[PDB]
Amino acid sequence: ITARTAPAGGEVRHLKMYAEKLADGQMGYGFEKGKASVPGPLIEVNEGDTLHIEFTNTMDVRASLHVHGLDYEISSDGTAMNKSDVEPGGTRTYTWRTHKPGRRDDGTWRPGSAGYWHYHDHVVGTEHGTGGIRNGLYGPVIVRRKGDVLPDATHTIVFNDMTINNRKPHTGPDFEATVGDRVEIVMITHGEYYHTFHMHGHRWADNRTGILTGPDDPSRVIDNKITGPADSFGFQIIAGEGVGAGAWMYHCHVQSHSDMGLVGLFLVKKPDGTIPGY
């Protein structure tokens, strides 16, 4: 492999995070006060890393941080039941741990933490974060395994109820790339409804990484994946591989969803920066 690959993990990382009410009434996570985003900032670690997150809730209501897939003690559950939420103006240190796969004492295989995961609130609105998730308190988490292929760029697409990344319908978001770029997509679904994520002119493997192991990987190759609330998957593609440059549509394939504007553009540019037709 002549491409960049993820190293071995084991580092102890520290992070500061805030929950902010936005001017339009939404709620977002951020690494800096005044720089929150919906979806929240991407967190990327390696198998074996430990992450300490000093989380500060700047809003006037209780908020929390809850993560999927990664190892965390009950004190970092992010739920009101386990007293793991954060009071208004408060600060709490969450700890997320990751581990590598390996054989157990009984001989069974313990799975690793690697995967395309996500984090979100769990106490805003209801005891399951229905209000916080609706307001935009969600973000992606990537846990890499040693040797995983590293992309050129990563984009996060969240189907939150009837929006993409809490945006107004018919407003994208759109992304750009050049023919040959290794583009990574993190695909998260939240809210009430099922969806189907579809991409024109591109396909991926329905497995952990979206890439086939090799000639023996039996995982199916798809361009349409059904998703429900709290589903998260990801993949890597070569922009324009075997199809060339163009304005390549991605959208939900539930007919009324795409009709109502749950559509975006994957703009794959020629080496001279042009998109065929435009």
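So that there is no doubt, residue numbering starts at 1 and follows the sequence shown.
Undergrad: With respect to the recorded C-alpha B factors, which stretch has the higher mean value, 130 to 138 or 100 to 108?
TA: Comparing averages over the C-alpha atoms only gives 100 to 108.
Undergrad: Mean CA temperature factor from the deposited coordinates, higher in 194 to 202 or in 77 to 85?
TA: Mean B over CA atoms: larger for 77 to 85.
Undergrad: Going by the CA temperature factor in the PDB record, which third of the chain does residue 158 belong to: lowest, middle or highest?
TA: According to the entry, residue 158 has a C-alpha B-factor in the chain's lowest third.
Undergrad: Report the third (lowest, middle or highest) to which the CA temperature factor of residue 12 belongs, ranking only the modelled residues of the same chain.
TA: According to the entry, residue 12 has a C-alpha B-factor in the chain's highest third.
Undergrad: Among all modelled residues of this chain, ranked by Cα B factor, put residue 229 in the bottom, middle or top third, i.e. lowest, middle or highest.
TA: According to the entry, residue 229 has a C-alpha B-factor in the chain's lowest third.
Undergrad: Where does the C-alpha B-factor of residue 262 rank in its chain, lowest, middle or highest third?
TA: Within its chain, residue 262 is a middle-third residue by C-alpha B-factor, going by the deposited values.
Undergrad: Of the three thirds of its chain by CA temperature factor, lowest, middle or highest, which one includes residue 209?
TA: Answer is highest: the recorded C-alpha B-factor places it there.
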